[PDB]
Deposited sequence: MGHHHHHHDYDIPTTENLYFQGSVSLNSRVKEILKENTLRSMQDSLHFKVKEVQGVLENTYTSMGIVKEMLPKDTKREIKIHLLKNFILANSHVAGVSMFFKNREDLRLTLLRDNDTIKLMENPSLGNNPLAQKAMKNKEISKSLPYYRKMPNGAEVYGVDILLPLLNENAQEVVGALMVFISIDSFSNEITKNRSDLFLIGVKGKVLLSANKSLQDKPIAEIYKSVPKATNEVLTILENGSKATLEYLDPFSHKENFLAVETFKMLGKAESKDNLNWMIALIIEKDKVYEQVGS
């Protein structure tokens, strides 16, 4: 008898310890984004200052070199044709000459972000990432003079999500898998992938809209064994306010 009272107490503790482990991982991903956004704020303020084009390229280059999860940055200046540049990682950085999200951002004077997409890199590879768009202001902090685009590599979060583990999912807009040990799931919705357990995907998709966190059980269509699932949301753009600031999600699974 008391065996069975012990087994329900231990299951409670398994679920809560799983939730703590997920929370630790969420904070780790938020802290990567926050390191990047701190540097990005400083570049945003310094890029429109009264500096030669070459200073500005040094600034963008050192921003990317310092931020491992940034795969490229772009500046566009309204009234300067020599300040419309992209930098992308290759071995070090490659400079290349030459906009709805950016047009929006300059007009609302507000940080924007794109949906996840693949972008080609100097060595023919394709990096899955999101653009973050920021207005650049003149000295008086009122006139918009340009835009800064930061390409955040979602693949870079392999250091946090898939490194020596395969039990973690990074989930994004509308249930899309952004990153997971199984690269075949990238860019596909959990509603498609996990159609065999509709209560689960729909409980998960609720938590993703509502923010919040939760645990459940579901039958994994790949392993065919029963799995504990724990999910937890955070705001990808952090504090901000922008209409574009959505919940991302990290999911953690454990075989029952």
item	value
Chain regions without C-alpha coordinates, deposited sequence numbering	1-24, 123-128, 287-295
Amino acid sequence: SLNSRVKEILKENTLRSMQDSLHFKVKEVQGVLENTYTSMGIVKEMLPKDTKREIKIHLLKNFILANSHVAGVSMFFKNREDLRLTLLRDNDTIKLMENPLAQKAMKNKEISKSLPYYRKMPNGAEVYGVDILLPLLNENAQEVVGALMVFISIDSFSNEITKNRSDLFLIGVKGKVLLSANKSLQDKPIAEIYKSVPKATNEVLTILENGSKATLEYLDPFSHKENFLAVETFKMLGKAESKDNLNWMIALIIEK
From here on, numbers count along this sequence of modelled residues.
item	value
Comparing 218-226 with 34-42, the one whose average Cα B-factor in the PDB entry is higher	218-226
Stretch with the higher entry mean CA B-factor, where the candidates are 108-116 and 88-96	88-96
Highest recorded Cα temperature factor - choice among 196, 68, 210, 62	210
Residue selected from 166, 79, 184, 140 by maximal Cα B factor	79
Residue 19, C-alpha B-factor rank within chain (lowest, middle or highest third)	middle
Chain third (lowest, middle, highest) by recorded CA B-factor, residue given as residue 159	middle
Residue 12 - which third its CA temperature factor falls in, relative to the rest of the chain	middle
Within-chain third of residue 254 by Cα B-factor, per the entry	middle
Chain thirds of CA B-factor: placement of residue 25	lowest
